[PDB]
Amino acid sequence: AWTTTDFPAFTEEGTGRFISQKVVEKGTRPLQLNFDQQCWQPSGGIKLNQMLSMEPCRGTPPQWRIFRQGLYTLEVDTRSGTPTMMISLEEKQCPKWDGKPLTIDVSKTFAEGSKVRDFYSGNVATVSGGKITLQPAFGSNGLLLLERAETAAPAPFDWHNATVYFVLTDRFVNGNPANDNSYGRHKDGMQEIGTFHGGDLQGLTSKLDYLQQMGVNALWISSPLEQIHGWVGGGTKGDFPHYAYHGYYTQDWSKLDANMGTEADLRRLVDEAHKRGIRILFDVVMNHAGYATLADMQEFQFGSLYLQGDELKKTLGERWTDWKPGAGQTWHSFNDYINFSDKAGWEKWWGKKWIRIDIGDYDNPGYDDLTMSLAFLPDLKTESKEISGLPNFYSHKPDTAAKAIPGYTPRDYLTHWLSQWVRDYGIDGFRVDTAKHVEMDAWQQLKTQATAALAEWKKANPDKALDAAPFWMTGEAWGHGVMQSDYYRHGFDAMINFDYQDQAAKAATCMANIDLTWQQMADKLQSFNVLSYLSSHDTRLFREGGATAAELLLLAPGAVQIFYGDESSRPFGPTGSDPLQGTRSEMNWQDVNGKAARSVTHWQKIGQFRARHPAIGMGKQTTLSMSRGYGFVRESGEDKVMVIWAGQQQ
Ligand SMILES: C[C@H]1O[C@H](O[C@H]2[C@H](O)[C@@H](O)[C@@H](O[C@H]3[C@H](O)[C@@H](O)[C@@H](O)O[C@@H]3CO)O[C@@H]2CO)[C@H](O)[C@@H](O)[C@@H]1N[C@H]1C=C(CO)[C@@H](O)[C@H](O)[C@H]1O
Ligand SMILES: C[C@H]1O[C@H](O[C@H]2[C@H](O)[C@@H](O)[C@@H](O[C@H]3[C@H](O)[C@@H](O)[C@H](O)O[C@@H]3CO)O[C@@H]2CO)[C@H](O)[C@@H](O)[C@@H]1N[C@H]1C=C(CO)[C@@H](O)[C@H](O)[C@H]1O
Ligand SMILES: C[C@H]1O[C@H](O[C@H]2[C@H](O)[C@@H](O)[C@@H](O[C@H]3[C@H](O)[C@@H](O)[C@H](O)O[C@@H]3CO)O[C@@H]2CO)[C@H](O)[C@@H](O)[C@@H]1N[C@H]1C=C(CO)[C@@H](O)[C@H](O)[C@H]1O
Ligand SMILES: C[C@H]1O[C@H](O[C@H]2[C@H](O)[C@@H](O)[C@@H](O)O[C@@H]2CO)[C@H](O)[C@@H](O)[C@@H]1N[C@H]1C=C(CO)[C@@H](O)[C@H](O)[C@H]1O
Ligand SMILES: [Ca+2]
Ligand SMILES: [Ca+2]
């Protein structure tokens, strides 16, 4: 085994990685690693959170300086042939743990003489006098994930035990750089806060094995449908150009956005996801279309400018979208050139039958959630019973798959266009944006049509259909909690739960603090399902949990949502004058393969445990009473688990 002075013998934590943990005092010490008769020492400078190259031991061992007192993790990586190592620090009433084995009373859960596995370590104990003795493994944070040893593979998929991975496709993996600048889109050459970074469906497809190993069984992607081609001013200060990289500014529901890739790319993503038992969720919008942009105005011949003729080409250029702020201007300054009052010019856009907006001759937005122009976005007239025809500007968009359908309202078109993707690709469900800004009847129509569409795809593709499960729909209704609201009787199988974030925050430094929240949720969600999260694109990134974020999310009752990079502590990125933008930072793949490697392994083990046990997502909870540490049992049908947390090691 791998060993160094003062540290316990190293144990495997992910294939080819071995770790040891020990509370170290301030000071300096020599650092060598021994394996059999081999001696290795850091060849370069010894630093924290960095891949340290190593040499066969020679002369005096290098000095490892301990700047702060705390729990240190040493890691050795033997995958690249020659050993490299990683040093990291965890600094700083809560149950306390002396670091020694736990004797657990399992008499009420696991049968006398039966074998019980701690899934995290793989250690197996035989129940004797209703008790087992187990040492929580290095990296477990003092967790025992106790299951019947006969447990061997994932349980059947259930939405009420789902592990959803929410990915902003643009910010994940760039599979093909060729499509990064579709429709003449530009990088900003600054911090790329609001630009298309170039992540695409091909790139996402390449990481399906990565997601499968994490116990992900539902992949929620940012809308891949054709966005506004151009940009608007970013944040409150216009400090960056804001493009539709997040998929929430849709222009054509009938077409894929060229940045995301081809129909063949979507087909492969969905088919390869299904092969790995991963369901696909589209993020969808019916509330609004994207803002007017110079790109779209020029391309599709709509809107009015205060500029005319060649002074137009003087100020904005040959392509208006190529405009950049001059001295004393911001990225909002382009609005000064646009005549939003002009009725005739702006009717050429969506048209009066389609949207409410405070532009030209359009129906005025209302002063309520359903008919307001949210963040000045054109509000689609979902409640309208008027036969609309196509949006006016589609007359200048010959690549559209949209066709005029006799008797169709805007709502009929929207539900038809979204349902088309379900029918053609077998999309398993939707996450619905801006749920509280569209009338309930519109969401029911979408669900009914989407349900019929999936049933039709599964019938036509019996070789590809994983099961005969109905279409699934979740929604974001701002501030929704753990309640079976009227959304659940208008097409929604689960609503996104805003309240879990703050409860997890209160347990960030002591996992046991979550107990009441878990008891309440286990009890309430016997009758219905919610989708809970630590991190999202419109709140913040949960990074206060230290190394405990995995268990805080994945051991929650109900469906849970991993925001891409939760598993690798993806840092809050450049944000400018929009405080949400930093949540959409680039996926940190360099960290995944380096300083966050053991974090990914930790997330994989807890995620895989969840996938084996519907008792986690669906089970009634009994919180145990023990003299040492914290523990609960959950039970769903024949499935029964015990989670023990030893407590704080410091
Ligand atoms: C996505 C597409 O981007 C590029 O072409 C687009 C231009 O950037 C736009 O400005 C616009 O140009 C058209 C003018 O508006 C129009 O007045 C007329 O002059 O024709 C222009 C050229 O069509 O629209 C363009 C097309 O969207 C880029 O040059 C092009 O390669 C890109 N097309 C990809 C998309 C698909 C669809 O799956 C593939 O078939 C292509 O091979 C891709 O390259
Ligand atoms: C002030 C306003 O606050 C909350 O609004 C939420 C939206 O419900 C939520 O969808 C989200 O909006 C973003 C949207 O999701 C995204 O697609 C788009 O690109 O950007 C939007 C950013 O705004 O976030 C906002 C909060 O920032 C409440 O849900 C709203 O009810 C609330 N509205 C107020 C204001 C009025 C007008 O007088 C009343 O009609 C309304 O009853 C009141 O609640
Ligand atoms: C560890 C690795 O991290 C980053 O590479 C990422 C890419 O950023 C990301 O776009 C994606 O690209 C791969 C794609 O998934 C796949 O379909 C295609 O066939 O190959 C693409 C390129 O690998 O995923 C990778 C990996 O997550 C950085 O950009 C890389 O610099 C970085 N490379 C490592 C790799 C090794 C090999 O063990 C080290 O020895 C080396 O020092 C370091 O460069
Ligand atoms: C802004 C302007 O764009 C288009 O005009 C272009 C011509 O089509 C080209 O042949 C060449 O002359 O360059 C022109 C500018 O690029 C479009 O055809 C026009 O309709 C459009 N005018 C808008 C402006 C208005 C007022 O500001 C409205 O009166 C009018 O309806 C808008 O379409
Ligand atoms: Ca790309
Ligand atoms: Ca609305």
# chains A, B, ... in the order shown; residues from 1 in each chain; ligands from 1
$ select_by_dssp --residues "range 204-400 of chain A" --states "alpha helix (DSSP H)" --output "tab-separated table (two decimals) with N, CA, C and O atoms, in the first residue's frame"
chain	number	residue	atom	x	y	z
A	204	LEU	N	-21.64	17.61	-25.42
A	204	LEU	CA	-22.46	17.06	-24.31
A	204	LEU	C	-22.54	15.54	-24.45
A	204	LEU	O	-22.35	14.84	-23.43
A	205	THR	N	-22.79	15.05	-25.67
A	205	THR	CA	-22.88	13.60	-26.02
A	205	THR	C	-21.62	12.87	-25.55
A	205	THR	O	-21.75	11.75	-25.03
A	208	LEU	N	-21.61	11.59	-21.77
A	208	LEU	CA	-22.76	10.77	-21.29
A	208	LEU	C	-22.25	9.65	-20.37
A	208	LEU	O	-22.95	9.35	-19.39
A	209	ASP	N	-21.07	9.08	-20.64
A	209	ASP	CA	-20.43	8.07	-19.76
A	209	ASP	C	-20.10	8.72	-18.41
A	209	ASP	O	-20.39	8.10	-17.36
A	210	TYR	N	-19.53	9.92	-18.44
A	210	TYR	CA	-19.18	10.74	-17.25
A	210	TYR	C	-20.43	10.93	-16.38
A	210	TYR	O	-20.36	10.71	-15.17
A	211	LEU	N	-21.56	11.29	-17.00
A	211	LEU	CA	-22.84	11.55	-16.30
A	211	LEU	C	-23.42	10.24	-15.76
A	211	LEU	O	-23.87	10.23	-14.59
A	212	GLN	N	-23.38	9.16	-16.55
A	212	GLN	CA	-23.86	7.81	-16.16
A	212	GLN	C	-23.15	7.35	-14.88
A	212	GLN	O	-23.84	6.82	-13.98
A	213	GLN	N	-21.83	7.55	-14.79
A	213	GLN	CA	-20.99	7.12	-13.63
A	213	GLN	C	-21.38	7.90	-12.36
A	213	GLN	O	-21.11	7.39	-11.26
A	263	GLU	N	-29.71	18.16	-36.58
A	263	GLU	CA	-30.77	17.20	-36.16
A	263	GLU	C	-30.11	15.85	-35.85
A	263	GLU	O	-30.51	15.21	-34.85
A	264	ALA	N	-29.13	15.44	-36.66
A	264	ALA	CA	-28.34	14.20	-36.49
A	264	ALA	C	-27.63	14.23	-35.12
A	264	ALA	O	-27.60	13.18	-34.46
A	265	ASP	N	-27.12	15.40	-34.71
A	265	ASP	CA	-26.45	15.61	-33.40
A	265	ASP	C	-27.46	15.40	-32.26
A	265	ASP	O	-27.12	14.68	-31.30
A	266	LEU	N	-28.65	15.99	-32.36
A	266	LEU	CA	-29.73	15.83	-31.35
A	266	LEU	C	-30.13	14.35	-31.28
A	266	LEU	O	-30.25	13.83	-30.15
A	267	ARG	N	-30.32	13.70	-32.43
A	267	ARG	CA	-30.72	12.27	-32.54
A	267	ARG	C	-29.70	11.42	-31.77
A	267	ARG	O	-30.13	10.58	-30.95
A	268	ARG	N	-28.40	11.65	-31.99
A	268	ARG	CA	-27.32	10.86	-31.33
A	268	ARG	C	-27.32	11.14	-29.82
A	268	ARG	O	-27.22	10.17	-29.06
A	269	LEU	N	-27.44	12.41	-29.40
A	269	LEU	CA	-27.48	12.78	-27.95
A	269	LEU	C	-28.58	11.96	-27.27
A	269	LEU	O	-28.27	11.27	-26.27
A	270	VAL	N	-29.81	12.01	-27.80
A	270	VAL	CA	-31.01	11.38	-27.18
A	270	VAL	C	-30.84	9.86	-27.20
A	270	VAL	O	-31.07	9.24	-26.14
A	271	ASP	N	-30.41	9.29	-28.33
A	271	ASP	CA	-30.29	7.82	-28.53
A	271	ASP	C	-29.17	7.27	-27.62
A	271	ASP	O	-29.40	6.21	-27.01
A	272	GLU	N	-28.03	7.96	-27.52
A	272	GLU	CA	-26.88	7.55	-26.68
A	272	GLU	C	-27.22	7.73	-25.19
A	272	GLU	O	-26.73	6.93	-24.38
A	273	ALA	N	-28.02	8.76	-24.85
A	273	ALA	CA	-28.50	9.00	-23.47
A	273	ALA	C	-29.42	7.85	-23.05
A	273	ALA	O	-29.21	7.29	-21.96
A	274	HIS	N	-30.39	7.50	-23.91
A	274	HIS	CA	-31.36	6.40	-23.68
A	274	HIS	C	-30.62	5.07	-23.49
A	274	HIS	O	-31.00	4.31	-22.58
A	275	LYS	N	-29.59	4.81	-24.30
A	275	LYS	CA	-28.74	3.59	-24.22
A	275	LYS	C	-28.15	3.44	-22.82
A	275	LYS	O	-27.90	2.29	-22.40
A	294	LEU	N	-30.25	43.87	-33.50
A	294	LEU	CA	-29.83	44.47	-34.80
A	294	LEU	C	-29.65	43.36	-35.83
A	294	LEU	O	-30.08	43.56	-36.99
A	295	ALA	N	-29.05	42.23	-35.44
A	295	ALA	CA	-28.82	41.04	-36.29
A	295	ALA	C	-30.14	40.61	-36.94
A	295	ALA	O	-30.19	40.52	-38.18
A	296	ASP	N	-31.17	40.39	-36.12
A	296	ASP	CA	-32.49	39.84	-36.56
A	296	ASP	C	-33.24	40.91	-37.36
A	296	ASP	O	-33.83	40.55	-38.40
A	297	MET	N	-33.21	42.17	-36.91
A	297	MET	CA	-33.88	43.31	-37.59
A	297	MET	C	-33.38	43.41	-39.04
A	297	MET	O	-34.24	43.54	-39.94
A	298	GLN	N	-32.07	43.34	-39.26
A	298	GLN	CA	-31.45	43.45	-40.61
A	298	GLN	C	-31.79	42.20	-41.42
A	298	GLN	O	-32.26	42.33	-42.56
A	299	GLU	N	-31.56	41.02	-40.83
A	299	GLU	CA	-31.73	39.70	-41.49
A	299	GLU	C	-33.18	39.51	-41.95
A	299	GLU	O	-33.38	39.07	-43.10
A	300	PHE	N	-34.16	39.82	-41.10
A	300	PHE	CA	-35.59	39.48	-41.31
A	300	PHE	C	-36.41	40.74	-41.62
A	300	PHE	O	-37.65	40.62	-41.67
A	311	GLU	N	-25.62	56.89	-43.57
A	311	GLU	CA	-25.33	57.26	-42.15
A	311	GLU	C	-25.67	56.05	-41.27
A	311	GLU	O	-25.05	55.90	-40.19
A	312	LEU	N	-26.61	55.22	-41.71
A	312	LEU	CA	-26.92	53.88	-41.14
A	312	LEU	C	-25.68	52.98	-41.23
A	312	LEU	O	-25.31	52.36	-40.21
A	313	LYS	N	-25.05	52.92	-42.41
A	313	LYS	CA	-23.83	52.10	-42.67
A	313	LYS	C	-22.61	52.78	-42.02
A	313	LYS	O	-21.67	52.05	-41.66
A	314	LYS	N	-22.62	54.11	-41.88
A	314	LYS	CA	-21.56	54.88	-41.19
A	314	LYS	C	-21.50	54.46	-39.71
A	314	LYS	O	-20.39	54.17	-39.22
A	315	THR	N	-22.66	54.43	-39.04
A	315	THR	CA	-22.80	54.25	-37.57
A	315	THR	C	-22.75	52.76	-37.21
A	315	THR	O	-21.92	52.39	-36.36
A	343	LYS	N	-44.92	52.43	-35.53
A	343	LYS	CA	-45.96	51.37	-35.62
A	343	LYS	C	-45.70	50.45	-36.82
A	343	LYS	O	-45.66	49.23	-36.63
A	344	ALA	N	-45.56	51.03	-38.02
A	344	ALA	CA	-45.49	50.29	-39.31
A	344	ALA	C	-44.25	49.39	-39.34
A	344	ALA	O	-44.38	48.21	-39.71
A	345	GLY	N	-43.08	49.92	-38.95
A	345	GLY	CA	-41.80	49.20	-38.97
A	345	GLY	C	-41.81	47.99	-38.05
A	345	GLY	O	-41.26	46.94	-38.45
A	346	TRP	N	-42.42	48.11	-36.88
A	346	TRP	CA	-42.36	47.09	-35.80
A	346	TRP	C	-43.47	46.04	-35.94
A	346	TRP	O	-43.29	44.93	-35.39
A	347	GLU	N	-44.54	46.34	-36.68
A	347	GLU	CA	-45.60	45.36	-37.03
A	347	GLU	C	-44.98	44.23	-37.87
A	347	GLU	O	-45.51	43.10	-37.82
$ residues_near_ligand --ligand "ligand 3" --cutoff "6 Å" --atoms "only C-alpha atoms and all ligand atoms" --output "PyMOL selection string"
chain A and resi 173-174+203+206+589-590+593
$ write_last_selection --atoms "N, CA, C and O atoms" --output "PDB file, in the first residue's frame"
ATOM      1  N   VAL A 173     -19.251  21.529 -23.059  1.00  0.00           N
ATOM      2  CA  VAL A 173     -18.198  20.952 -23.948  1.00  0.00           C
ATOM      3  C   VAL A 173     -18.405  21.458 -25.380  1.00  0.00           C
ATOM      4  O   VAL A 173     -19.482  21.207 -25.960  1.00  0.00           O
ATOM      5  N   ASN A 174     -17.391  22.131 -25.924  1.00  0.00           N
ATOM      6  CA  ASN A 174     -17.311  22.541 -27.349  1.00  0.00           C
ATOM      7  C   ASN A 174     -16.780  21.348 -28.153  1.00  0.00           C
ATOM      8  O   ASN A 174     -15.551  21.167 -28.206  1.00  0.00           O
ATOM      9  N   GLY A 203     -20.546  17.904 -28.043  1.00  0.00           N
ATOM     10  CA  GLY A 203     -19.688  17.961 -26.845  1.00  0.00           C
ATOM     11  C   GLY A 203     -20.359  17.306 -25.648  1.00  0.00           C
ATOM     12  O   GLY A 203     -19.683  16.532 -24.942  1.00  0.00           O
ATOM     13  N   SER A 206     -20.446  13.495 -25.712  1.00  0.00           N
ATOM     14  CA  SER A 206     -19.121  12.912 -25.370  1.00  0.00           C
ATOM     15  C   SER A 206     -18.993  12.659 -23.860  1.00  0.00           C
ATOM     16  O   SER A 206     -18.090  11.890 -23.485  1.00  0.00           O
ATOM     17  N   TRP A 589     -13.210  21.540 -16.594  1.00  0.00           N
ATOM     18  CA  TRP A 589     -12.716  20.186 -16.974  1.00  0.00           C
ATOM     19  C   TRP A 589     -11.278  19.975 -16.488  1.00  0.00           C
ATOM     20  O   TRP A 589     -10.943  18.821 -16.136  1.00  0.00           O
ATOM     21  N   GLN A 590     -10.461  21.033 -16.470  1.00  0.00           N
ATOM     22  CA  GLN A 590      -9.055  20.968 -15.982  1.00  0.00           C
ATOM     23  C   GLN A 590      -9.078  20.540 -14.507  1.00  0.00           C
ATOM     24  O   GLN A 590      -8.247  19.688 -14.128  1.00  0.00           O
ATOM     25  N   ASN A 593     -10.213  16.710 -13.833  1.00  0.00           N
ATOM     26  CA  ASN A 593      -9.142  15.713 -14.096  1.00  0.00           C
ATOM     27  C   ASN A 593      -7.969  15.932 -13.127  1.00  0.00           C
ATOM     28  O   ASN A 593      -7.043  15.102 -13.146  1.00  0.00           O
TER      29      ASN A 593
END
$ residues_around --residues "residue 99 in chain A" --least-positions-apart "2" --cutoff "12 Å" --atoms "only C-alpha atoms" --output "list in words"
residues 8, 21, 22, 23, 71, 96, 97, 101, 102, 134, 135, 136, 137, 138, 140, 141, 142, 143, 628, 629, 645, 646, 647, 648, 649 and 650 of chain A
$ residues_around --residues "range 610-614 of chain A" --least-positions-apart "3" --cutoff "10 Å" --atoms "only C-alpha atoms" --output "ChimeraX atom specification"
/A:119,145,147,151-163,214-217,551,554-558,604-607,617-619,634-641
$ write_last_selection --atoms "C-alpha atoms" --output "PDB file, in the first residue's frame"
ATOM      1  CA  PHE A 119     -21.538   1.183  -0.379  1.00  0.00           C
ATOM      2  CA  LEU A 145     -24.152   4.180   3.172  1.00  0.00           C
ATOM      3  CA  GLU A 147     -27.499  -1.434   2.169  1.00  0.00           C
ATOM      4  CA  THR A 151     -27.689  -4.995  -3.719  1.00  0.00           C
ATOM      5  CA  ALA A 152     -25.762  -5.244  -7.058  1.00  0.00           C
ATOM      6  CA  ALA A 153     -27.134  -2.670  -9.618  1.00  0.00           C
ATOM      7  CA  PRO A 154     -29.358   0.443 -10.044  1.00  0.00           C
ATOM      8  CA  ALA A 155     -33.096   0.166  -9.108  1.00  0.00           C
ATOM      9  CA  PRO A 156     -35.745   0.762 -11.833  1.00  0.00           C
ATOM     10  CA  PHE A 157     -35.909   4.495 -12.805  1.00  0.00           C
ATOM     11  CA  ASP A 158     -38.498   6.568 -10.857  1.00  0.00           C
ATOM     12  CA  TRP A 159     -39.024  10.369 -11.331  1.00  0.00           C
ATOM     13  CA  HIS A 160     -39.513  10.513  -7.481  1.00  0.00           C
ATOM     14  CA  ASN A 161     -35.888   9.173  -7.098  1.00  0.00           C
ATOM     15  CA  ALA A 162     -34.510  10.974 -10.234  1.00  0.00           C
ATOM     16  CA  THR A 163     -30.981  12.512 -10.367  1.00  0.00           C
ATOM     17  CA  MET A 214     -22.441   9.957 -11.404  1.00  0.00           C
ATOM     18  CA  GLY A 215     -25.824   8.086 -11.245  1.00  0.00           C
ATOM     19  CA  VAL A 216     -27.473  10.774 -13.480  1.00  0.00           C
ATOM     20  CA  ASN A 217     -30.680   9.272 -15.043  1.00  0.00           C
ATOM     21  CA  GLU A 551     -24.697  14.177   0.339  1.00  0.00           C
ATOM     22  CA  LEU A 554     -28.389  13.496  -3.359  1.00  0.00           C
ATOM     23  CA  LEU A 555     -29.779  12.193   0.028  1.00  0.00           C
ATOM     24  CA  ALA A 556     -32.743  14.684  -0.205  1.00  0.00           C
ATOM     25  CA  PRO A 557     -36.264  13.200  -0.582  1.00  0.00           C
ATOM     26  CA  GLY A 558     -37.908  13.791  -4.027  1.00  0.00           C
ATOM     27  CA  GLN A 604     -20.229   9.305  -8.181  1.00  0.00           C
ATOM     28  CA  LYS A 605     -20.402   7.098  -5.007  1.00  0.00           C
ATOM     29  CA  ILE A 606     -23.352   9.014  -3.380  1.00  0.00           C
ATOM     30  CA  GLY A 607     -25.114   9.361  -6.804  1.00  0.00           C
ATOM     31  CA  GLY A 617     -36.028   9.715  -3.001  1.00  0.00           C
ATOM     32  CA  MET A 618     -39.369   8.061  -2.001  1.00  0.00           C
ATOM     33  CA  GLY A 619     -38.949   6.316   1.416  1.00  0.00           C
ATOM     34  CA  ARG A 634     -35.596   5.221   4.788  1.00  0.00           C
ATOM     35  CA  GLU A 635     -37.994   2.502   3.499  1.00  0.00           C
ATOM     36  CA  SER A 636     -39.835   2.324   0.100  1.00  0.00           C
ATOM     37  CA  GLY A 637     -41.535  -1.050  -0.655  1.00  0.00           C
ATOM     38  CA  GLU A 638     -38.859  -3.809  -0.253  1.00  0.00           C
ATOM     39  CA  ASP A 639     -35.966  -1.224  -0.387  1.00  0.00           C
ATOM     40  CA  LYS A 640     -34.482  -0.212   3.034  1.00  0.00           C
ATOM     41  CA  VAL A 641     -31.239   1.820   3.665  1.00  0.00           C
TER      42      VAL A 641
END
$ closest_atom_pairs --of "range 436-459 of chain A" --to "range 470-490 of chain A" --cutoff "8 Å" --atoms "only C-alpha atoms" --output "tab-separated table"
residue	atom	partner	partner_atom	distance
A:436	CA	A:477	CA	5.1
A:440	CA	A:490	CA	5.8
A:441	CA	A:490	CA	6.8
A:443	CA	A:490	CA	6.4
A:444	CA	A:490	CA	4.8
A:447	CA	A:473	CA	7.1
A:450	CA	A:471	CA	6.6
A:451	CA	A:471	CA	4.9
A:454	CA	A:471	CA	6.2
A:455	CA	A:470	CA	7.1
$ residues_around --residues "residue 336 in chain A" --least-positions-apart "3" --cutoff "10 Å" --atoms "only C-alpha atoms" --output "list in words"
residues 305, 306, 307, 332, 333, 339 and 340 of chain A
$ select_by_dssp --residues "range 338-509 of chain A" --states "strand (DSSP E or B)" --output "short mmCIF file (atom, residue, chain, number, x, y, z; two decimals) with N, CA and C atoms, in the first residue's frame"
data_model
loop_
_atom_site.label_atom_id
_atom_site.label_comp_id
_atom_site.auth_asym_id
_atom_site.auth_seq_id
_atom_site.Cartn_x
_atom_site.Cartn_y
_atom_site.Cartn_z
N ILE A 338 -32.51 53.08 -32.36
CA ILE A 338 -33.74 52.30 -32.69
C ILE A 338 -34.97 53.15 -32.34
N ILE A 355 -47.80 39.02 -29.91
CA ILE A 355 -47.05 39.45 -28.68
C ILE A 355 -47.63 40.74 -28.10
N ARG A 356 -47.54 40.87 -26.77
CA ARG A 356 -47.65 42.15 -26.03
C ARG A 356 -46.23 42.68 -25.79
N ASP A 363 -50.36 45.42 -28.78
CA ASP A 363 -51.16 45.37 -27.53
C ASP A 363 -50.22 45.70 -26.36
N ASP A 379 -44.19 39.38 -24.87
CA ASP A 379 -45.07 38.42 -24.16
C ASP A 379 -45.99 37.74 -25.18
N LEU A 380 -45.77 36.45 -25.44
CA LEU A 380 -46.59 35.65 -26.39
C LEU A 380 -48.03 35.59 -25.86
N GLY A 429 -39.38 14.51 -21.43
CA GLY A 429 -40.10 15.53 -20.65
C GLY A 429 -39.62 16.93 -20.94
N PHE A 430 -40.28 17.92 -20.33
CA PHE A 430 -39.89 19.35 -20.37
C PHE A 430 -39.66 19.86 -18.95
N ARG A 431 -38.67 20.75 -18.80
CA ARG A 431 -38.61 21.74 -17.70
C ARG A 431 -39.15 23.05 -18.27
N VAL A 432 -40.24 23.56 -17.70
CA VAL A 432 -40.99 24.74 -18.22
C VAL A 432 -40.50 26.00 -17.51
N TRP A 472 -43.13 13.43 -18.98
CA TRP A 472 -42.92 14.04 -17.64
C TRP A 472 -42.74 15.55 -17.80
N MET A 473 -43.33 16.37 -16.93
CA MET A 473 -43.18 17.85 -17.02
C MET A 473 -42.96 18.45 -15.63
N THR A 474 -41.88 19.23 -15.50
CA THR A 474 -41.56 20.08 -14.33
C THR A 474 -41.58 21.54 -14.80
N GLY A 475 -41.72 22.48 -13.86
CA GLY A 475 -41.79 23.92 -14.16
C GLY A 475 -41.08 24.74 -13.11
N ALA A 494 -44.18 17.56 -11.19
CA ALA A 494 -43.29 18.07 -10.13
C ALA A 494 -42.98 19.54 -10.43
N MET A 495 -42.95 20.38 -9.40
CA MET A 495 -42.51 21.79 -9.53
C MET A 495 -41.13 21.93 -8.90
N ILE A 496 -40.30 22.82 -9.44
CA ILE A 496 -38.94 23.10 -8.92
C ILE A 496 -39.10 23.76 -7.55
N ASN A 497 -38.42 23.21 -6.55
CA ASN A 497 -38.50 23.61 -5.12
C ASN A 497 -37.38 24.61 -4.82
#
$ residues_around --residues "residue 466 in chain A" --least-positions-apart "3" --cutoff "9 Å" --atoms "only C-alpha atoms" --output "list in words"
residues 274, 275, 277, 458, 462, 463 and 469 of chain A
$ atom_distance --atom1 "CA of residue 502 in chain A" --atom2 "CA of residue 521 in chain A"
14.3 Å
$ atom_distance --atom1 "CA of residue 517 in chain A" --atom2 "CA of residue 626 in chain A"
19.3 Å
$ residues_around --residues "residue 282 in chain A" --least-positions-apart "6" --cutoff "6 Å" --atoms "only C-alpha atoms" --output "MDAnalysis selection string"
chainID A and resid 220:221 223 430
$ residues_near_ligand --ligand "ligand 1" --cutoff "7 Å" --atoms "only C-alpha atoms and all ligand atoms" --output "JSON, numbers by chain"
{"A": [182, 183, 184, 258, 261, 262, 299]}
$ write_last_selection --atoms "N, CA, C and O atoms" --output "short mmCIF file (atom, residue, chain, number, x, y, z; two decimals), in the first residue's frame"
data_model
loop_
_atom_site.label_atom_id
_atom_site.label_comp_id
_atom_site.auth_asym_id
_atom_site.auth_seq_id
_atom_site.Cartn_x
_atom_site.Cartn_y
_atom_site.Cartn_z
N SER A 182 -22.25 31.05 -35.28
CA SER A 182 -23.43 30.92 -36.17
C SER A 182 -24.13 32.28 -36.29
O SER A 182 -24.15 33.04 -35.30
N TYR A 183 -24.67 32.58 -37.48
CA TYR A 183 -25.48 33.80 -37.77
C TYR A 183 -24.65 35.07 -37.52
O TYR A 183 -25.24 36.12 -37.21
N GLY A 184 -23.32 34.98 -37.65
CA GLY A 184 -22.38 36.12 -37.50
C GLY A 184 -22.22 36.56 -36.05
O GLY A 184 -21.88 37.75 -35.84
N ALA A 258 -28.10 26.76 -34.73
CA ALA A 258 -26.93 26.25 -35.48
C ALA A 258 -25.71 26.10 -34.55
O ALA A 258 -24.86 25.24 -34.84
N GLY A 261 -26.01 22.51 -32.97
CA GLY A 261 -25.61 21.50 -33.96
C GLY A 261 -26.74 21.13 -34.89
O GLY A 261 -27.67 21.94 -35.07
N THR A 262 -26.67 19.92 -35.46
CA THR A 262 -27.61 19.38 -36.48
C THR A 262 -28.69 18.54 -35.81
O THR A 262 -28.55 18.23 -34.61
N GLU A 299 -31.56 41.02 -40.83
CA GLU A 299 -31.73 39.70 -41.49
C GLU A 299 -33.18 39.51 -41.95
O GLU A 299 -33.38 39.07 -43.10
#
$ closest_residue --among "A:383, A:109, A:416, A:117" --to "residue 254 in chain A" --atoms "only C-alpha atoms"
A:416
$ closest_residue --among "A:58, A:385, A:353, A:171" --to "ligand 5" --atoms "only C-alpha atoms and all ligand atoms"
A:171
$ closest_residue --among "A:251, A:445, A:395, A:388" --to "residue 301 in chain A" --atoms "only C-alpha atoms"
A:395
$ residues_near_ligand --ligand "ligand 5" --cutoff "9 Å" --atoms "only C-alpha atoms and all ligand atoms" --output "number ranges by chain"
A: 170, 173-181, 196-203, 259-261
$ closest_residue --among "A:35, A:413, A:349, A:334" --to "ligand 4" --atoms "only C-alpha atoms and all ligand atoms"
A:349
$ closest_residue --among "A:519, A:581, A:622, A:107" --to "residue 241 in chain A" --atoms "only C-alpha atoms"
A:581
$ atom_distance --atom1 "CA of residue 571 in chain A" --atom2 "CA of residue 509 in chain A"
19.2 Å
$ decode --residues "range 570-577 of chain A" --atoms "C-alpha atoms" --output "CSV table (one decimal), in the first residue's frame"
chain,number,residue,atom,x,y,z
A,570,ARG,CA,-17.1,25.0,-10.7
A,571,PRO,CA,-16.2,28.6,-9.5
A,572,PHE,CA,-18.6,31.6,-9.9
A,573,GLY,CA,-17.3,33.3,-13.1
A,574,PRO,CA,-17.1,36.9,-14.4
A,575,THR,CA,-20.6,38.5,-13.8
A,576,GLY,CA,-20.3,42.3,-14.6
A,577,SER,CA,-23.4,44.3,-13.7
